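Structure data (compact mmCIF, C-alpha atoms and all ligand atoms) from structure_25.txt:
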# COMPACT_ATOMS: atom_id res chain seq x y z
CA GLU C 3 -3.89 9.70 12.17
CA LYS C 4 -0.72 7.70 11.52
CA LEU C 5 -1.40 6.08 8.13
CA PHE C 6 0.31 9.03 6.48
CA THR C 7 3.52 9.05 8.52
CA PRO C 8 6.96 7.68 7.43
CA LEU C 9 8.13 4.14 8.14
CA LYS C 10 11.52 2.50 7.73
CA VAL C 11 11.06 -0.77 5.80
CA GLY C 12 14.36 -2.60 5.55
CA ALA C 13 16.65 -0.78 3.10
CA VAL C 14 14.04 1.83 2.13
CA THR C 15 11.77 4.38 3.78
CA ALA C 16 8.07 4.58 2.96
CA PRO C 17 6.43 8.05 3.22
CA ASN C 18 3.13 6.51 4.35
CA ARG C 19 1.77 3.18 5.63
CA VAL C 20 -0.75 2.57 2.85
CA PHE C 21 0.70 -0.30 0.78
CA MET C 22 -0.47 -1.94 -2.44
CA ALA C 23 -1.02 -5.68 -1.94
CA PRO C 24 0.32 -8.21 -4.52
CA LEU C 25 -2.38 -8.73 -7.18
CA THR C 26 -2.34 -11.29 -10.01
CA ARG C 27 -3.89 -9.67 -13.11
CA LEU C 28 -2.88 -12.18 -15.82
CA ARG C 29 -2.12 -9.67 -18.59
CA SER C 30 1.44 -10.74 -19.53
CA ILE C 31 2.53 -11.67 -23.06
CA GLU C 32 2.69 -15.31 -24.16
CA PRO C 33 4.89 -16.88 -25.38
CA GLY C 34 7.49 -15.73 -22.85
CA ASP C 35 5.36 -14.64 -19.86
CA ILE C 36 6.65 -11.13 -20.48
CA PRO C 37 5.58 -7.99 -18.57
CA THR C 38 4.05 -5.39 -20.91
CA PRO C 39 4.11 -1.59 -21.34
CA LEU C 40 0.47 -1.64 -20.20
CA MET C 41 1.54 -3.29 -16.94
CA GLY C 42 4.22 -0.62 -16.58
CA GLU C 43 1.58 2.11 -16.86
CA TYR C 44 -0.64 0.33 -14.30
CA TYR C 45 2.14 0.29 -11.70
CA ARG C 46 3.23 3.85 -12.47
CA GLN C 47 -0.31 5.11 -11.80
CA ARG C 48 -0.02 3.65 -8.28
CA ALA C 49 3.46 4.92 -7.42
CA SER C 50 2.23 7.13 -4.54
CA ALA C 51 1.72 3.98 -2.43
CA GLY C 52 3.95 3.70 0.63
CA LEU C 53 5.16 0.52 -1.04
CA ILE C 54 3.96 -1.35 -4.13
CA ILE C 55 4.11 -5.16 -3.91
CA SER C 56 3.89 -6.66 -7.41
CA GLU C 57 1.63 -9.42 -8.71
CA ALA C 58 3.03 -12.92 -8.04
CA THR C 59 5.92 -13.57 -10.46
CA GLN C 60 7.48 -16.92 -11.51
CA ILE C 61 10.95 -17.81 -10.29
CA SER C 62 11.11 -20.35 -13.13
CA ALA C 63 9.05 -21.87 -15.95
CA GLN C 64 8.05 -24.82 -13.74
CA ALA C 65 6.76 -22.26 -11.22
CA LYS C 66 4.08 -21.12 -13.68
CA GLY C 67 0.53 -21.86 -12.62
CA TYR C 68 -1.58 -19.35 -14.58
CA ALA C 69 -1.59 -18.29 -18.23
CA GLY C 70 -0.77 -14.58 -18.22
CA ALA C 71 1.34 -14.50 -15.04
CA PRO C 72 4.80 -12.92 -15.54
CA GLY C 73 8.17 -14.47 -14.76
CA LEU C 74 11.56 -13.15 -13.64
CA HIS C 75 13.92 -15.82 -14.98
CA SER C 76 14.51 -14.99 -18.68
CA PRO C 77 16.44 -12.16 -20.38
CA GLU C 78 13.27 -10.81 -21.99
CA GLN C 79 11.46 -10.79 -18.63
CA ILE C 80 14.29 -9.01 -16.81
CA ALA C 81 14.47 -6.34 -19.54
CA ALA C 82 10.70 -5.78 -19.30
CA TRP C 83 10.66 -5.52 -15.49
CA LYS C 84 13.56 -3.01 -15.59
CA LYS C 85 11.26 -0.68 -17.51
CA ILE C 86 8.45 -1.15 -14.97
CA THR C 87 10.55 -0.43 -11.86
CA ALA C 88 12.12 2.55 -13.67
CA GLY C 89 8.65 4.00 -14.22
CA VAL C 90 7.75 3.58 -10.54
CA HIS C 91 11.01 5.21 -9.47
CA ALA C 92 10.49 8.04 -11.95
CA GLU C 93 7.46 8.87 -9.80
CA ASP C 94 9.44 8.58 -6.54
CA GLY C 95 7.80 5.29 -5.56
CA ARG C 96 9.08 2.00 -4.16
CA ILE C 97 8.31 -1.47 -5.53
CA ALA C 98 8.85 -5.02 -4.28
CA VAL C 99 8.46 -8.08 -6.50
CA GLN C 100 6.49 -10.98 -5.06
CA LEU C 101 8.29 -14.18 -6.06
CA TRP C 102 6.42 -17.50 -6.20
CA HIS C 103 6.26 -21.11 -7.32
CA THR C 104 2.63 -22.21 -7.75
CA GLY C 105 3.33 -25.85 -7.01
CA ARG C 106 0.18 -27.94 -7.43
CA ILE C 107 -2.04 -24.98 -8.34
CA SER C 108 -1.24 -25.34 -12.04
CA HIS C 109 -2.10 -27.29 -15.21
CA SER C 110 0.06 -29.61 -17.33
CA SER C 111 -0.72 -27.67 -20.53
CA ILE C 112 1.34 -24.72 -19.26
CA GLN C 113 4.15 -26.72 -17.63
CA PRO C 114 7.49 -27.44 -19.36
CA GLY C 115 7.02 -30.33 -21.80
CA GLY C 116 3.33 -30.39 -20.92
CA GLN C 117 4.06 -32.59 -17.92
CA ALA C 118 2.51 -32.70 -14.45
CA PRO C 119 3.21 -29.83 -12.00
CA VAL C 120 5.13 -30.45 -8.74
CA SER C 121 4.39 -30.25 -5.00
CA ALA C 122 5.35 -31.67 -1.60
CA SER C 123 3.05 -34.62 -2.29
CA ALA C 124 1.04 -36.11 -5.17
CA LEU C 125 -2.28 -34.61 -4.05
CA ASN C 126 -4.54 -32.57 -6.34
CA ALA C 127 -5.24 -29.02 -5.13
CA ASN C 128 -8.90 -29.63 -5.96
CA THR C 129 -9.35 -26.08 -7.20
CA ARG C 130 -9.00 -24.20 -10.47
CA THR C 131 -6.39 -22.14 -12.24
CA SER C 132 -6.60 -19.86 -15.25
CA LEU C 133 -5.60 -20.69 -18.82
CA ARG C 134 -6.21 -18.81 -22.08
CA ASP C 135 -8.46 -19.95 -24.92
CA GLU C 136 -7.83 -19.69 -28.67
CA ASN C 137 -8.81 -16.01 -28.49
CA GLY C 138 -6.47 -15.17 -25.62
CA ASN C 139 -9.30 -14.88 -23.10
CA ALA C 140 -8.93 -16.13 -19.51
CA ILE C 141 -10.71 -19.39 -18.63
CA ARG C 142 -10.96 -21.37 -15.38
CA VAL C 143 -9.84 -25.01 -15.60
CA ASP C 144 -9.41 -27.70 -12.94
CA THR C 145 -5.88 -28.15 -11.58
CA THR C 146 -3.71 -31.10 -12.69
CA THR C 147 -2.70 -33.70 -10.09
CA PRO C 148 0.93 -32.94 -9.13
CA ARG C 149 4.02 -35.13 -8.91
CA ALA C 150 5.79 -35.21 -5.53
CA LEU C 151 9.20 -33.53 -5.64
CA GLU C 152 12.01 -36.01 -5.09
CA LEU C 153 14.48 -35.18 -2.32
CA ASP C 154 17.30 -34.30 -4.73
CA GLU C 155 15.03 -31.83 -6.53
CA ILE C 156 14.65 -29.60 -3.45
CA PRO C 157 18.04 -27.85 -3.77
CA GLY C 158 17.03 -26.85 -7.30
CA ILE C 159 13.92 -25.12 -5.97
CA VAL C 160 15.96 -23.15 -3.44
CA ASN C 161 18.43 -22.20 -6.17
CA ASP C 162 15.62 -20.93 -8.42
CA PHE C 163 14.47 -18.61 -5.63
CA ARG C 164 18.08 -17.50 -5.11
CA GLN C 165 18.55 -16.74 -8.82
CA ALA C 166 15.19 -14.95 -9.06
CA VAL C 167 16.26 -12.63 -6.22
CA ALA C 168 19.54 -11.91 -8.02
CA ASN C 169 17.44 -11.15 -11.11
CA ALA C 170 15.09 -8.96 -9.05
CA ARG C 171 18.08 -6.93 -7.83
CA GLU C 172 19.26 -6.33 -11.40
CA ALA C 173 15.71 -5.55 -12.53
CA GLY C 174 15.65 -2.61 -10.11
CA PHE C 175 13.24 -3.81 -7.42
CA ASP C 176 13.65 -2.19 -3.98
CA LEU C 177 12.64 -5.35 -2.11
CA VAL C 178 11.51 -8.92 -2.66
CA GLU C 179 8.51 -10.63 -1.09
CA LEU C 180 8.62 -14.42 -0.81
CA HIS C 181 5.15 -15.87 -1.47
CA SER C 182 4.82 -18.32 1.42
CA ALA C 183 1.03 -18.04 1.56
CA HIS C 184 -2.29 -18.88 -0.08
CA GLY C 185 -1.67 -22.56 -0.85
CA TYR C 186 1.22 -22.16 -3.28
CA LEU C 187 4.45 -24.21 -3.15
CA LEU C 188 5.98 -22.88 0.07
CA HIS C 189 2.63 -23.05 1.89
CA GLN C 190 2.08 -26.56 0.45
CA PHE C 191 5.13 -27.72 2.42
CA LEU C 192 4.16 -25.73 5.55
CA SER C 193 0.68 -27.26 5.80
CA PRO C 194 0.19 -30.83 7.01
CA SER C 195 -2.98 -31.05 4.87
CA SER C 196 -0.91 -30.84 1.67
CA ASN C 197 2.32 -32.36 2.98
CA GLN C 198 2.48 -36.11 3.68
CA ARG C 199 6.25 -36.48 3.14
CA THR C 200 8.19 -38.93 5.30
CA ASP C 201 11.61 -37.31 4.84
CA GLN C 202 13.01 -34.25 6.61
CA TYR C 203 10.63 -31.97 4.70
CA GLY C 204 7.44 -33.38 6.20
CA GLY C 205 5.98 -34.23 9.60
CA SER C 206 6.97 -31.87 12.42
CA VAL C 207 6.54 -28.10 12.08
CA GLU C 208 10.35 -27.91 12.04
CA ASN C 209 10.39 -30.21 9.00
CA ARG C 210 7.44 -28.50 7.31
CA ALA C 211 9.06 -25.07 7.72
CA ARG C 212 12.43 -26.36 6.53
CA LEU C 213 11.95 -25.47 2.85
CA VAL C 214 10.77 -21.90 3.39
CA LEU C 215 13.58 -21.23 5.88
CA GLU C 216 16.22 -22.62 3.49
CA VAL C 217 14.84 -20.23 0.86
CA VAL C 218 14.98 -17.30 3.29
CA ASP C 219 18.60 -18.07 4.16
CA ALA C 220 19.50 -18.45 0.47
CA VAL C 221 17.99 -15.10 -0.54
CA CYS C 222 19.41 -13.22 2.48
CA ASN C 223 22.84 -14.51 1.46
CA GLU C 224 22.29 -13.71 -2.23
CA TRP C 225 21.29 -10.09 -1.55
CA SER C 226 20.71 -8.72 1.98
CA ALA C 227 18.31 -9.46 4.85
CA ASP C 228 17.03 -5.87 4.79
CA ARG C 229 15.82 -6.41 1.21
CA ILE C 230 13.76 -9.50 2.04
CA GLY C 231 10.10 -9.62 2.99
CA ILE C 232 7.80 -12.64 3.30
CA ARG C 233 4.05 -13.12 3.03
CA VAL C 234 2.39 -15.80 5.14
CA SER C 235 -1.24 -16.82 5.77
CA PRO C 236 -0.66 -18.99 8.90
CA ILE C 237 -4.13 -18.74 10.45
CA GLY C 238 -7.21 -20.18 8.73
CA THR C 239 -7.78 -21.87 5.37
CA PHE C 240 -6.68 -20.53 1.97
CA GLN C 241 -7.58 -22.13 -1.38
CA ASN C 242 -8.21 -25.50 0.32
CA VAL C 243 -4.93 -25.37 2.27
CA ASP C 244 -5.39 -25.07 6.04
CA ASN C 245 -2.66 -24.63 8.66
CA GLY C 246 -3.02 -27.84 10.64
CA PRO C 247 -4.41 -28.59 14.16
CA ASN C 248 -1.89 -26.34 15.95
CA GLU C 249 -1.86 -23.31 13.66
CA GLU C 250 -1.17 -20.65 16.33
CA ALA C 251 1.79 -22.48 17.89
CA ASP C 252 3.19 -23.41 14.44
CA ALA C 253 2.74 -19.80 13.33
CA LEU C 254 4.71 -18.43 16.30
CA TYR C 255 7.50 -20.97 15.69
CA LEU C 256 7.84 -19.86 12.07
CA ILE C 257 7.81 -16.18 13.05
CA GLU C 258 10.50 -16.68 15.69
CA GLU C 259 12.67 -18.46 13.09
CA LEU C 260 12.12 -15.71 10.51
CA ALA C 261 13.03 -13.14 13.17
CA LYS C 262 16.46 -14.75 13.62
CA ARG C 263 17.30 -13.76 10.03
CA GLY C 264 16.47 -10.11 10.69
CA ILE C 265 14.57 -9.69 7.43
CA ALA C 266 12.84 -6.46 6.38
CA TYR C 267 9.22 -7.39 6.98
CA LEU C 268 6.51 -9.89 7.86
CA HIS C 269 3.36 -9.60 5.70
CA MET C 270 0.40 -11.28 7.38
CA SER C 271 -2.47 -12.21 5.05
CA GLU C 272 -5.19 -12.58 7.68
CA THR C 273 -8.10 -14.00 5.69
CA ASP C 274 -8.98 -15.83 2.49
CA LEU C 275 -11.23 -13.87 0.12
CA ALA C 276 -14.07 -16.10 1.32
CA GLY C 277 -13.49 -14.98 4.91
CA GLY C 278 -12.01 -16.31 8.14
CA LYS C 279 -11.80 -15.93 11.93
CA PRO C 280 -10.37 -12.54 12.99
CA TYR C 281 -7.03 -12.29 14.80
CA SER C 282 -7.33 -11.83 18.57
CA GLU C 283 -5.42 -8.90 20.04
CA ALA C 284 -3.63 -11.43 22.24
CA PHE C 285 -2.33 -13.24 19.13
CA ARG C 286 -1.28 -9.94 17.56
CA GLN C 287 0.70 -9.20 20.74
CA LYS C 288 2.48 -12.56 20.57
CA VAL C 289 3.37 -11.97 16.92
CA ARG C 290 4.47 -8.41 17.72
CA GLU C 291 6.95 -9.43 20.44
CA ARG C 292 8.45 -12.14 18.23
CA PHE C 293 9.32 -10.13 15.11
CA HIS C 294 11.63 -7.09 15.18
CA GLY C 295 11.04 -5.77 11.68
CA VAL C 296 8.07 -4.16 9.98
CA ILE C 297 4.72 -5.94 10.23
CA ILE C 298 2.14 -5.46 7.47
CA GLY C 299 -1.49 -6.41 8.09
CA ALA C 300 -3.73 -7.47 5.18
CA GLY C 301 -7.18 -8.80 4.36
CA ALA C 302 -10.37 -6.76 3.98
CA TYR C 303 -8.93 -3.92 6.07
CA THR C 304 -10.73 -0.60 6.56
CA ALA C 305 -8.78 2.62 7.11
CA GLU C 306 -10.27 2.71 10.63
CA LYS C 307 -8.97 -0.77 11.45
CA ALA C 308 -5.50 0.13 10.16
CA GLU C 309 -5.36 3.26 12.33
CA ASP C 310 -6.59 1.31 15.35
CA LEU C 311 -3.95 -1.42 15.08
CA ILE C 312 -1.11 0.92 14.15
CA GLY C 313 -2.11 3.15 17.07
CA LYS C 314 -1.97 0.19 19.46
CA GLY C 315 1.52 -0.55 18.18
CA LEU C 316 0.46 -3.99 16.91
CA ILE C 317 1.28 -3.51 13.19
CA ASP C 318 3.21 -0.88 11.21
CA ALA C 319 1.49 -0.78 7.82
CA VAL C 320 -1.50 -2.13 5.91
CA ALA C 321 -1.70 -3.61 2.40
CA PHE C 322 -4.86 -2.95 0.40
CA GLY C 323 -5.68 -5.16 -2.58
CA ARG C 324 -9.01 -4.62 -4.29
CA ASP C 325 -9.16 -0.95 -3.28
CA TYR C 326 -5.86 -0.46 -5.12
CA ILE C 327 -7.17 -2.20 -8.23
CA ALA C 328 -9.90 0.45 -8.43
CA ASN C 329 -8.02 3.45 -6.99
CA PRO C 330 -4.53 4.31 -8.28
CA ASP C 331 -4.36 7.30 -5.91
CA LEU C 332 -5.76 5.46 -2.88
CA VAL C 333 -3.33 7.34 -0.61
CA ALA C 334 -4.72 10.76 -1.57
CA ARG C 335 -8.31 9.48 -1.32
CA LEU C 336 -7.82 8.06 2.18
CA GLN C 337 -6.00 11.20 3.24
CA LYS C 338 -8.76 13.49 1.94
CA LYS C 339 -11.54 11.10 2.99
CA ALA C 340 -12.74 11.11 -0.63
CA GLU C 341 -15.04 8.49 -2.16
CA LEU C 342 -13.44 5.57 -4.01
CA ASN C 343 -14.10 4.34 -7.57
CA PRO C 344 -16.43 1.32 -7.72
CA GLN C 345 -14.82 -2.08 -8.37
CA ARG C 346 -15.41 -4.05 -11.59
CA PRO C 347 -14.54 -7.69 -10.67
CA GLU C 348 -15.15 -9.09 -14.19
CA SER C 349 -11.93 -7.45 -15.39
CA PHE C 350 -9.69 -8.43 -12.46
CA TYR C 351 -8.19 -11.26 -14.57
CA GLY C 352 -6.96 -11.14 -18.15
CA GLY C 353 -8.03 -8.83 -20.95
CA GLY C 354 -6.44 -5.46 -21.60
CA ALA C 355 -6.60 -1.83 -20.51
CA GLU C 356 -10.30 -1.97 -19.60
CA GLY C 357 -10.61 -2.54 -15.86
CA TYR C 358 -6.85 -2.16 -15.49
CA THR C 359 -5.58 1.32 -16.33
CA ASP C 360 -8.96 3.02 -16.79
CA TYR C 361 -9.82 3.64 -13.11
CA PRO C 362 -9.33 7.43 -12.79
CA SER C 363 -7.35 9.38 -10.20
CA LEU C 364 -8.82 12.43 -8.48
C1 LIG C 401 -7.52 -10.24 -8.33
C2 LIG C 401 -6.77 -10.69 -7.25
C3 LIG C 401 -5.50 -11.17 -7.38
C4 LIG C 401 -4.67 -11.59 -6.25
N1 LIG C 401 -3.38 -11.99 -6.46
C5 LIG C 401 -2.54 -12.01 -5.43
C6 LIG C 401 -1.11 -12.31 -5.63
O1 LIG C 401 -0.57 -12.29 -6.74
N2 LIG C 401 -0.41 -12.67 -4.52
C7 LIG C 401 -0.94 -12.67 -3.17
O2 LIG C 401 -0.19 -12.94 -2.27
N3 LIG C 401 -2.29 -12.44 -3.00
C8 LIG C 401 -3.03 -12.01 -4.03
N4 LIG C 401 -4.34 -11.64 -3.83
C9 LIG C 401 -4.76 -11.36 -2.44
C10 LIG C 401 -4.55 -9.88 -2.11
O3 LIG C 401 -3.17 -9.52 -1.97
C11 LIG C 401 -5.25 -9.53 -0.78
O4 LIG C 401 -4.58 -10.23 0.32
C12 LIG C 401 -6.75 -9.75 -0.74
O5 LIG C 401 -7.38 -9.21 -1.93
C13 LIG C 401 -7.46 -9.22 0.49
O6 LIG C 401 -7.24 -7.80 0.62
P1 LIG C 401 -8.31 -6.72 0.17
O7 LIG C 401 -9.57 -6.95 0.97
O8 LIG C 401 -7.65 -5.37 0.60
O9 LIG C 401 -8.50 -6.82 -1.32
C14 LIG C 401 -5.24 -11.40 -4.92
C15 LIG C 401 -6.59 -10.98 -4.81
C16 LIG C 401 -7.36 -10.56 -5.89
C17 LIG C 401 -8.74 -9.97 -5.68
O1 LIG C 402 -6.65 -16.37 -8.40
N1 LIG C 402 -5.64 -15.68 -8.44
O2 LIG C 402 -5.12 -15.39 -9.49
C1 LIG C 402 -4.79 -15.60 -7.22
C2 LIG C 402 -3.41 -15.64 -7.37
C3 LIG C 402 -2.57 -15.58 -6.25
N2 LIG C 402 -1.12 -15.63 -6.52
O3 LIG C 402 -0.36 -15.63 -5.59
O4 LIG C 402 -0.73 -15.34 -7.66
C4 LIG C 402 -3.06 -15.47 -4.88
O5 LIG C 402 -2.31 -15.42 -3.88
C5 LIG C 402 -4.54 -15.42 -4.82
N3 LIG C 402 -5.19 -15.32 -3.52
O6 LIG C 402 -4.91 -16.13 -2.67
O7 LIG C 402 -5.96 -14.36 -3.32
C6 LIG C 402 -5.38 -15.49 -5.96

Take the structure in the file and write it out as structure tokens.
Amino acid sequence: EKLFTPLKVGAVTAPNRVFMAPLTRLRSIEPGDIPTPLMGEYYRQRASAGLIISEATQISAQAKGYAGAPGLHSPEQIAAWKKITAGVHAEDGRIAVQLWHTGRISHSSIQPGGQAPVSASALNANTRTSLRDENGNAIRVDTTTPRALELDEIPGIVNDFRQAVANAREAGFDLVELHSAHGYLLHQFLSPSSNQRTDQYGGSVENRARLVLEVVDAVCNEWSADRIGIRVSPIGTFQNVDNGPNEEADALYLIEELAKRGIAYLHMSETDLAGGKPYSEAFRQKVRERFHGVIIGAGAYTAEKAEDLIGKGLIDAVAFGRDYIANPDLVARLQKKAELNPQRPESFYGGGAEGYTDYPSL
């Protein structure tokens, strides 16, 4: 067994390789998209994780795509997050904030001025997002057709990521994870299916990867490369966003480029919740030899699978999502081979303490 052995992850050292995957729970306060004391308790209960990766958090107001998602751009938000990281550290844990811009997966009613959301192109995501009704309850609503970002608006996006990382540092986070997966803004530029731009930000894989790499350089410069992690979902289809006709080659290109920056880790989201083709060991080997930092595998993993891949030297750690929603002390349970609490999907999004902080520990 190696899941319970130490691992150096950038600037910090995890005591085990069982990580908590980023999980949107939509329980923040509005107006203000402010983290709450309840959220602080939720994270504190899971502080035994090798590393906690927070729910996706807005780098700006424009970045908001769901009612209830927190931000990390205002004074009130920074003050709230400082309390949450402090709680995690009080329990000797480590926490990374996942920073994102939802792009076209949003709705005009929650955008600044009630205007249309932005993306690489003016193409509707053809999916749904979550808003809140008059009672504060979560509701699914179709996404609003986005406006294509103009060339001179790109630097502003990079700067928002840069500022959010500076904010993350002050808020006490140990690391930052750039959300470059699951069909959100960065992935929208990476995928040819959602990117029809004719400037230097569209077309070739070099052009499509330009935005995410500019962000990576900006945040490494703002803080430090060993504090930066990135999540990608380069193989398969996620929330209607595929990875083009040459996904494997494009994936390896991106990974080689990320490797040049010497960042802390590469978080590979292997499958959409609806499923996808499994990674071949040959592909894992090609990824392995191209990145020199920590590699985290994710997506419907079993403890057995994690041990198998870590043992083969293909990945270093595994991020569990839904199992962490239902098991605050997942590390102890996996170590003792104890049964897990059953999941209650109806309370994954919105609401309050029920289905959030009421899953018991052993
Ligand atoms: C409720 C819910 C919220 C999610 N929100 C996030 C998120 O904020 N950011 C992210 O990158 N993925 C998110 N995911 C995906 C998870 O991180 C994870 O990759 C996925 O659940 C598959 O892993 P699992 O089988 O261990 O749950 C979410 C999934 C669920 C079920
Ligand atoms: O519906 N959800 O709230 C949701 C949200 C995010 N996100 O980054 O905040 C995801 O990445 C996913 N996802 O791809 O699993 C789902």

Which polymer residues have any atom within 7 Å of an atom of residue 36 of chain C, counting all atoms listed in the file, with same-chain residues fewer than 5 positions away left out, as a PDB file with C-alpha atoms, in the frame of the given file?
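Everything below was put into around.pdb:
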ATOM      1  CA  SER C  30       1.440 -10.740 -19.530  1.00  0.00           C
ATOM      2  CA  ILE C  31       2.530 -11.670 -23.060  1.00  0.00           C
ATOM      3  CA  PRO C  72       4.800 -12.920 -15.540  1.00  0.00           C
ATOM      4  CA  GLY C  73       8.170 -14.470 -14.760  1.00  0.00           C
ATOM      5  CA  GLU C  78      13.270 -10.810 -21.990  1.00  0.00           C
ATOM      6  CA  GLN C  79      11.460 -10.790 -18.630  1.00  0.00           C
ATOM      7  CA  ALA C  82      10.700  -5.780 -19.300  1.00  0.00           C
TER       8      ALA C  82
END

For this session: Identify which of the residues C:173, C:80, C:308, C:65 lies closest to residue 336 of chain C, counting all atoms listed in the file when measuring atom-to-atom distances.
Result: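 When distances to residue 336 of chain C are compared using all atoms listed in the file, the smallest one comes from C:308.
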
Exercise. Which polymer residues, protein or nucleic acid, are no farther than 12 Å from (20.8, -10.1, -6.9), counting all atoms listed in the file, as a count of residues only?
Worked result: 27

For this session: May I have the residues within 9 Å of residue 142 of chain C as a PyMOL selection string, using all atoms listed in the file and disregarding those fewer than 4 positions away in the same chain?
Result: chain C and resi 130-134

Problem set entry | Expected answer as a ChimeraX atom specification: residues within 7 Å of ligand LIG 402 (chain C), only C-alpha atoms and all ligand atoms | /C:25-27,57-58,131,181,183-184,240-241,274-275

Problem set entry | Test item: residues no farther than 10 Å from ligand LIG 401 (chain C), counting all atoms listed in the file, as a PyMOL selection string | chain C and resi 21-28+55-59+71+99-102+179-186+232-235+269-277+299-304+320-327+347-352

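Here atom CA of residue 227 of chain C is placed at a distance of 19.9 Å from atom CA of residue 317 of chain C.
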
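Atom CA of residue 201 of chain C sits 10.6 Å away from atom CA of residue 122 of chain C.
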
Problem set entry | One-decimal distance in Å that lies between atom CA of residue 316 of chain C and atom CA of residue 291 of chain C |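 Rounded to one decimal, the two atoms are 9.2 Å apart.
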
Problem set entry | Counting all atoms listed in the file, the residue of C:330, C:231, C:354, C:157 that sits nearest residue 295 of chain C |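 Closest candidate: C:231.
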
Problem set entry | From C:249, C:148, C:215, C:283, residue lying nearest residue 263 of chain C [all atoms listed in the file] |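 Among C:249, C:148, C:215, C:283, it is C:215 that comes nearest to residue 263 of chain C.
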
Exercise. Can you list, as a PyMOL selection string, every protein, DNA or RNA residue that comes within 8 Å of residue 45 of chain C when you count only C-alpha atoms, leaving out same-chain residues fewer than 3 positions away?
Worked result: chain C and resi 41-42+48-49+54+86+89-90

For this session: Would you kindly return, as a list in words, each protein, DNA or RNA residue with an atom no farther than 7 Å from any atom of residue 105 of chain C, considering all atoms listed in the file and excluding same-chain residues fewer than 2 positions away?
Result: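 Skipping anything fewer than 2 positions along the chain leaves residues 65, 103, 107, 108, 119, 120, 121, 186 and 187 of chain C.
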
For this session: List every protein, DNA or RNA residue that has an atom no more than 10 Å from (-5.1, -20.8, 9.7) in the file's coordinate frame, counting all atoms listed in the file, and report them as a ChimeraX atom specification.
Result: /C:193,235-240,243-250,252-253,272-274,278-279

Exercise. Pick the closest to residue 153 of chain C from C:139, C:70, C:113, C:202: which is it, counting all atoms listed in the file?
Worked result: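 Distance minimum relative to residue 153 of chain C lands on C:202.
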
For this session: List the neighbours of residue 343 of chain C out to 8 Å using all atoms listed in the file; skip same-chain residues closer than 2 positions along the sequence, and give me the result as a list in words.
Result: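 The residues satisfying every condition are residues 328, 329, 341, 345, 361 and 362 of chain C.
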
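The smallest atom-to-atom distance between residue 204 of chain C and any of C:260, C:160, C:364, C:150, using all atoms listed in the file, is found for C:150.
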
Listed atoms of segment 356-362 of chain C boxed axis-aligned with 4 Å per side, centre + edges as AutoDock Vina command-line options:
--center_x -8.1 --center_y 2.4 --center_z -16.2 --size_x 13.0 --size_y 18.0 --size_z 14.8

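Among the candidates C:297, C:141, C:81, C:88, the residue lying nearest to residue 19 of chain C is C:297 (atoms considered: all atoms listed in the file).
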
Fill-in result for segment 39-47 of chain C, N, CA, C and O atoms as a PDB file, keeping the file's coordinate frame:
ATOM      1  N   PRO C  39       4.096  -3.038 -21.575  1.00  0.00           N
ATOM      2  CA  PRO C  39       4.110  -1.590 -21.340  1.00  0.00           C
ATOM      3  C   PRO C  39       2.836  -1.206 -20.573  1.00  0.00           C
ATOM      4  O   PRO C  39       2.855  -0.308 -19.732  1.00  0.00           O
ATOM      5  N   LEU C  40       1.737  -1.900 -20.868  1.00  0.00           N
ATOM      6  CA  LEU C  40       0.470  -1.640 -20.200  1.00  0.00           C
ATOM      7  C   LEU C  40       0.619  -1.884 -18.698  1.00  0.00           C
ATOM      8  O   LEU C  40       0.123  -1.111 -17.876  1.00  0.00           O
ATOM      9  N   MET C  41       1.300  -2.970 -18.344  1.00  0.00           N
ATOM     10  CA  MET C  41       1.540  -3.290 -16.940  1.00  0.00           C
ATOM     11  C   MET C  41       2.399  -2.193 -16.309  1.00  0.00           C
ATOM     12  O   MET C  41       2.189  -1.812 -15.158  1.00  0.00           O
ATOM     13  N   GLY C  42       3.364  -1.683 -17.073  1.00  0.00           N
ATOM     14  CA  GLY C  42       4.220  -0.620 -16.580  1.00  0.00           C
ATOM     15  C   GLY C  42       3.401   0.619 -16.228  1.00  0.00           C
ATOM     16  O   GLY C  42       3.633   1.260 -15.198  1.00  0.00           O
ATOM     17  N   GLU C  43       2.440   0.955 -17.086  1.00  0.00           N
ATOM     18  CA  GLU C  43       1.580   2.110 -16.860  1.00  0.00           C
ATOM     19  C   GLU C  43       0.726   1.907 -15.601  1.00  0.00           C
ATOM     20  O   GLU C  43       0.565   2.815 -14.786  1.00  0.00           O
ATOM     21  N   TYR C  44       0.186   0.701 -15.455  1.00  0.00           N
ATOM     22  CA  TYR C  44      -0.640   0.330 -14.300  1.00  0.00           C
ATOM     23  C   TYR C  44       0.102   0.578 -12.984  1.00  0.00           C
ATOM     24  O   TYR C  44      -0.438   1.186 -12.056  1.00  0.00           O
ATOM     25  N   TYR C  45       1.342   0.105 -12.905  1.00  0.00           N
ATOM     26  CA  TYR C  45       2.140   0.290 -11.700  1.00  0.00           C
ATOM     27  C   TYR C  45       2.535   1.751 -11.485  1.00  0.00           C
ATOM     28  O   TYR C  45       2.550   2.242 -10.350  1.00  0.00           O
ATOM     29  N   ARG C  46       2.848   2.447 -12.572  1.00  0.00           N
ATOM     30  CA  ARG C  46       3.230   3.850 -12.470  1.00  0.00           C
ATOM     31  C   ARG C  46       2.091   4.695 -11.896  1.00  0.00           C
ATOM     32  O   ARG C  46       2.325   5.621 -11.109  1.00  0.00           O
ATOM     33  N   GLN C  47       0.858   4.372 -12.281  1.00  0.00           N
ATOM     34  CA  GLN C  47      -0.310   5.110 -11.800  1.00  0.00           C
ATOM     35  C   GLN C  47      -0.459   4.982 -10.280  1.00  0.00           C
ATOM     36  O   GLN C  47      -1.071   5.831  -9.638  1.00  0.00           O
TER      37      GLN C  47
END
